Every structure is written in structure tokens, then in C-alpha cells.
Amino acid sequence: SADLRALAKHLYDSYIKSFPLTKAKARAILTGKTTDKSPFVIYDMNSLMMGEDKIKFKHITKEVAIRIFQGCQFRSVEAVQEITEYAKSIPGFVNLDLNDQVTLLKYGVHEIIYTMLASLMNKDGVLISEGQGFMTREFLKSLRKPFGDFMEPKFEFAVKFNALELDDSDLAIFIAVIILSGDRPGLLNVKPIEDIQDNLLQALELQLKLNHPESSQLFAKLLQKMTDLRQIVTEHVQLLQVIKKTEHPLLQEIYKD
Amino acid sequence: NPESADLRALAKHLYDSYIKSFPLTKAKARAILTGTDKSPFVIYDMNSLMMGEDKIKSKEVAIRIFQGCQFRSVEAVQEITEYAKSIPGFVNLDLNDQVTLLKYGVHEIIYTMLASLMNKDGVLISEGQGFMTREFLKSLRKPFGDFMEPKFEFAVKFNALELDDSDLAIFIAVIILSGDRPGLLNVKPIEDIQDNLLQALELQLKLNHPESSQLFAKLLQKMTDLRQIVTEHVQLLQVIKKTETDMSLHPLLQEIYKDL
Ligand SMILES: Cc1c(C)n(Cc2ccc(-c3ccccc3C(=O)O)cc2)c2ccc(C(=O)N[C@@H](C)c3ccc([N+](=O)[O-])cc3)cc12
Ligand SMILES: Cc1c(C)n(Cc2ccc(-c3ccccc3C(=O)O)cc2)c2ccc(C(=O)N[C@@H](C)c3ccc([N+](=O)[O-])cc3)cc12
């Protein structure tokens, strides 16, 4: 193995083709090492409006919090399809029982979305609209209850996770590992899922020992970050359908997932 | 390797202090459950319970069971404190952070070790002298009937990993040194110790079990299930507090639940 490297390469390539905005580009934009385009900054309501007028977002279908929230829903639905297409390229995935494919995606897309979301975040805000914009953290937190603490856990997590300084080639395999979780509810055949995940974990371990030679504890710290991820999801659910306080039907049908 | 040797030394140290801290190990529990040790008297209904009191172990069943769990929880906290102090670096931390780490760690550790006393049919009681069935515990009047069931649910899943005491020692050490506890002052020393503990556990599982990295991942993942049952427990506790007002909660446990 000899194969963990091949698998790493394949997953990296697939990752590049599946996700338009990589962490490398995102960091280039956030630091400003290339500029080349400073992102349109949204820090309050007027800049939000002006941004809506300039960029003309595709999800604009009339209250700030609601609009931001629905933008998040739209981007999330795009992300799900990107992640699905990436999942299909994981060696062995399409050979799994179709039910299990659907289950794995259904229960993994959240964790993966937050993982990749960390790539678009620093301690001060998040890249928005394909990287064309940047929304401040303070503006997100200043939204009315309950939307005030919607984005915050993702920011906490993103800070602590970005402290690990993973690059795209690490993240590809990390995401692959997350997808192939054998403890999703309602799985019919766990064995191949965990065999594949075993191979993926080995690939990840090697990839980390090679890409990050200075640190021997990174693997354990990452695997530990997975649980952080899952509880971020757990808490997010609790905050999520507590937003059934809201109100249409066809749109809600699009986002009923 | 040298680093490997360090990790092994840490593992042996932790297992040693684990054996010295906890009088009821998983090895003894399994020796009792699977017929070296005496066989337990089994309580599975009211009659066998009343006989069980004489065989031997205000008297309302659900309440008395609740209080028993409480007593054993106080003892467990004392044992866990003693163990925590044996973890290298712990006693050198800020005192407030020691208190915080214990405060948020004891529940997760207690349920972790409780799994060792459980099978899908029930749980050892009275230092392994007894065995109370899962269904008898479910049959307790509301709301005490739902007290133990989540712990059983977790216990089955967790026991499926087939860990032994030498694994558990490092795992609970990892749990204690959690850097994401609310209200910590110095996170970095804590996470520094925990990283070492995580490496020690990874190597331990590597030497003691197959597909060790996957086992490592699953085990680490169990902490989600753990925090889940802690949450459910606290909620049930709120209910009980409201409907059973003549009931004492031990001051120590109160300190633990205060502004959790
Ligand atoms: C995929 C994704 C992105 C790109 N962002 C940042 C973002 C995206 C869009 C905008 C934005 C805002 C206003 C105007 C334009 C834009 C813009 O950038 O286009 C800002 C930041 C997210 C923020 C949160 C979540 C999330 O917590 N949960 C998902 C699974 C979910 C999300 C929602 C629900 N839900 O309750 O329906 C369930 C799960 C997901 C995402
Ligand atoms: C430490 C512990 C043990 C050994 N058992 C099994 C047991 C223990 C005692 C008995 C028993 C029953 C009757 C007579 C004698 C015994 C006996 O063996 O001694 C049977 C099984 C437990 C069961 C539940 C909990 C729990 O859910 N939460 C803790 C933090 C807690 C537990 C309780 C409370 N509380 O509010 O009371 C707060 C937190 C903890 C424990």
C-alpha cells in the first residue's frame, strides 16, 4: 500500500471535480493572497440589500433572518448534490445496497456540509455566494432569536477544526470516511460499508503521516473531531425544528430534507 | 519505538490505577454474568424482589431502586475522582478546571462503566451479588420505568465493541480530559494531555484488537450516544424533581447538576 496513496489520489481528484470552491481557493480569498477580487462584504442590513441587488442571488424568492436562512437552505441543497456525486466515486460505494447508499447519504450530508463549511470560515465570518461575498460573524449572531445562534456552533467548530490545518487532499479522505459510517440507522448490510471505511481510514492515516510529517497525533485528533461534528448536528436538529415556529408548500417540499 | 514505549508506559500506568480505583471490574462482572465467582440472585418481579431483600440487599420499590442507584453513583464519583487524580498532568491543572472536568466527566464515565455490568437481559446489583432484569426495571411506575432503559440501549451498542478493562482505563481518561467542557480557563494544557491519551488509546487498541483504527473510530464515536443519554437522564430528573418532591438528591450530585 501503494494503494492508500492511489486511493488518496483518486479521492483528491474526485473531490476537485465534485466541489467547485476548494479550501485552497477559499483560503486564498479569505487571507487575500490573491486579489484578484475582494469579496463583497455583508456586515449589516444595508450591505445585505445592496449585495442582493448586485450579485442577484438565485434563491431570492421578506425578512432578513428568513432570507439568510433560505439562502442557507438553497446552498445546502446544492451541496447535497455535489456530495452525492462525490460519494458515487468512492470505490465500492455504488456496489452497496441502494437502500444503504440512500441511508448513508441521508445521515452523512449534514456532517459533511459542516466539514466543508469550516473551509469557508475564519473566526470573523464566512464566504458566501461561490466566494463572491463574505458575511461577517457578528452580523449573523446579531440576527433575532432564534436565528441568532443558528450559525454560531458552526463558527466554534470551524475555528477549532481549522486549527488542524488540513488541506483538500486530507479533507477528501476525511469526507469519504464520514460517508461510510456503519452506525447509520436502518442499514441492511454493514459489513461492506465498514470494510470500505477501514480501507479509507488506513488511507487517511497514511495520507496524514505523509502530508503532515511533523505531527503524529493528528489522526486521533481528526477522528475525535468527527464526534464534535455529530454533536454539532445533534444540537442543530434541536434548534432546527424548533423553527417550525415559522409558516409555500412546494418550496417546503424542495427543502423537506 | 521510543514514543511507542512512552504510550505503552502511560497505558500500563492507567490500567494499574484503574484496577486500584475501581473495585468492580468488567472482568469480574463478566465472570459473574457468564457463570471463579459466585452466581447472582436474580430479581425479575415484585416477589423475587421482596425475597431478594432477604438474600440479601419508607419503602416504595421504584423509589428505593432510585436511591440505590444514587448511593452507587456517589461511590462511583469518589472512585472516578481518585482515578482522575492518577492521570499525569491532571492535578497540575488549574483547580477550577479540575472541578469542571470532573463535573462534566462523571456521568459519561459512569454510564461507560455501567455498560460493563449489563447485558441485554439486565444489570448486576449490590456489588454483583444480585442481578435485576431489564424488563422488571421497565415495569416500574411512571416515570421511573424509563430511567434505566436508555442506559441499556447504550450498553448493548457499547458492549458490542468487546473492550476490556485495559482499553476502558485509557478511554475514560480520554473522557475526563475533554477540552470542550463549558467554563474551562486553560483549554490547551487539557487538550495537550488528551492528545497523548488519544495516542495511547489508539496504540492500545492496535495491540489488543483487529481493525484497530476502525475500532478506535467507533469507540470515539460512542461519546455521542453517551452525551445523548446524559441529556435524557437530566430531563427525566427534572420531571422526577417536579412530581416527587419528598425526595432527596445527594448534595454531591446536586453540585454536579447545578448549572450543567
Ligand atoms: C451549505 C452551506 C453553506 C454554503 N452555508 C453558508 C451560507 C450559505 C448561504 C448564505 C446566504 C445568505 C443570504 C443570502 C445569500 C447567501 C448566499 O451565500 O447565497 C450565507 C452563508 C451554510 C450555512 C449553514 C448550513 C447549515 O447549518 N445546515 C444545512 C445542512 C441546513 C440548512 C438549513 C436547514 N433548514 O432548516 O432548512 C437544514 C440544514 C449549511 C451551509
Ligand atoms: C453507578 C451506577 C450503578 C452501579 N448503577 C446500577 C445500579 C445501582 C444500584 C442498584 C440498586 C438498586 C436497589 C437497591 C440496591 C442497589 C445497589 O446495587 O446498591 C442497582 C443498579 C447505576 C444505574 C444508573 C445510574 C445513573 O443512571 N445515573 C447516575 C449518575 C445517577 C443515578 C441516580 C441519580 N439520582 O437522582 O438518584 C442521579 C444520577 C448510575 C449507576
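Chain B is numbered as in Swiss-Prot; shown residues: 233-267, 270-291, 302-504, in order.
Recorded method for this deposit: X-ray crystallography, 2.3 Å.
Each residue, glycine too, has its Cβ placed from N, Cα and C.
Neighbours of B:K252 (ubiquitin cross-link), defined as other CB atoms within 10 A of its CB across all chains, total 12. Per Swiss-Prot, the feature ubiquitin cross-link maps to B:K252; the stated evidence is experimental evidence.
In the three-state DSSP classification, B:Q314 (rosiglitazone binding site) falls within a helix. Taken from Swiss-Prot, the feature rosiglitazone binding site covers B:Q314, B:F315, B:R316, B:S317, B:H351, B:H477, B:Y501.
What Swiss-Prot records for B:495-503 is motif '9aaTAD'.
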Checklist line | Those recorded positions in B:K252, B:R316, B:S317, B:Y501 whose CB falls under 6 A of ligand 2, listed in sequence order | finding: B:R316, B:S317
Check: How many of the residues that make up the motif '9aaTAD' (B:495-503) does DSSP mark as helix, as strand and as coil?
Finding: 7 helix, 0 strand, 2 coil
Item checked: DSSP-derived class (H/G/I helix, E/B strand, else coil) of B:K252 (ubiquitin cross-link) -> helix
Next item on the list: Take the C-alpha atoms of B:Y501 (rosiglitazone binding site) and B:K252 (ubiquitin cross-link) and report the distance between them in angstrom, rounded.
Entry: 27
Next item on the list: Using only the Cα atoms of B:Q314, B:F315, B:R316, B:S317, B:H351, B:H477, B:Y501, which the record gives as binding rosiglitazone, return the largest interatomic distance in Å, rounded to a whole number.
Entry: 17
Item checked: Number of Cβ atoms other than its own within 10 Å, given for B:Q314 (rosiglitazone binding site) -> 16
Note to self: I want to check the contact list for B:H351 (rosiglitazone binding site): same chain, sequence separation of six or more, C-beta distance under 8 angstroms. What comes out?
What the structure shows: B:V474, B:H477, B:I500
Note to self: For B:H351 (rosiglitazone binding site), which of the three DSSP-derived states applies: helix, strand, or coil?
What the structure shows: helix
